[PDB]
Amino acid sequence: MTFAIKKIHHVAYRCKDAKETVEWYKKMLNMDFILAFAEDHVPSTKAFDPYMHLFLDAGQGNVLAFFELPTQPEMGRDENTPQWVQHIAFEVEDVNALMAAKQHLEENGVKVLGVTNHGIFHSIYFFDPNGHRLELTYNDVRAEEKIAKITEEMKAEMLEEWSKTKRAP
């Protein structure tokens, strides 16, 4: 291979209101507003169809990005997929940070589920003001040791068995 992925540059979703979204992510998660692009038409088309594209700081140079499309029909969803599948999780340093976040969100009126033990990490869950599913998580102190038990042979075997049976291997 002549190239390697460095990191996630940005992950983009639709939002209902750019200013309300910027304000919420700053207030609830201290995520700073980096920049915005905006145009009154979609590239290569003439028709009036404005958008605002916003970048938010998600840490270590990662960006959480939104588009507001004020002349498009209201955002919907993939009705064939459960809500818990599509989500974004952000890492916090440790349990003290996760509990701090949980308390802060609750004090600001956000319903928070958790803490949930996923073995290699521990998480809390809440919705953003656009209905996106968010997760905050910290890695278990023994996470790398538990992951390292998965050998390349086990990975191959698990995928093959799953491909054959579509039951948990």
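When you see a residue number, it is the position in the sequence shown, counting from 1.
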query: Higher-scoring stretch by recorded Cα B factor average, 71 to 79 or 84 to 92; finding: 71 to 79
query: Residue stretch of maximal mean CA temperature factor, 6 to 14 vs 143 to 151; finding: 143 to 151
query: Largest Cα B-factor, entry values, listed residues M31, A65, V42, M52; finding: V42
query: Per the PDB entry, maximal CA B factor within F48, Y138, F37, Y125; finding: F37
query: Record-listed C-alpha B factor of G109: chain third; finding: highest
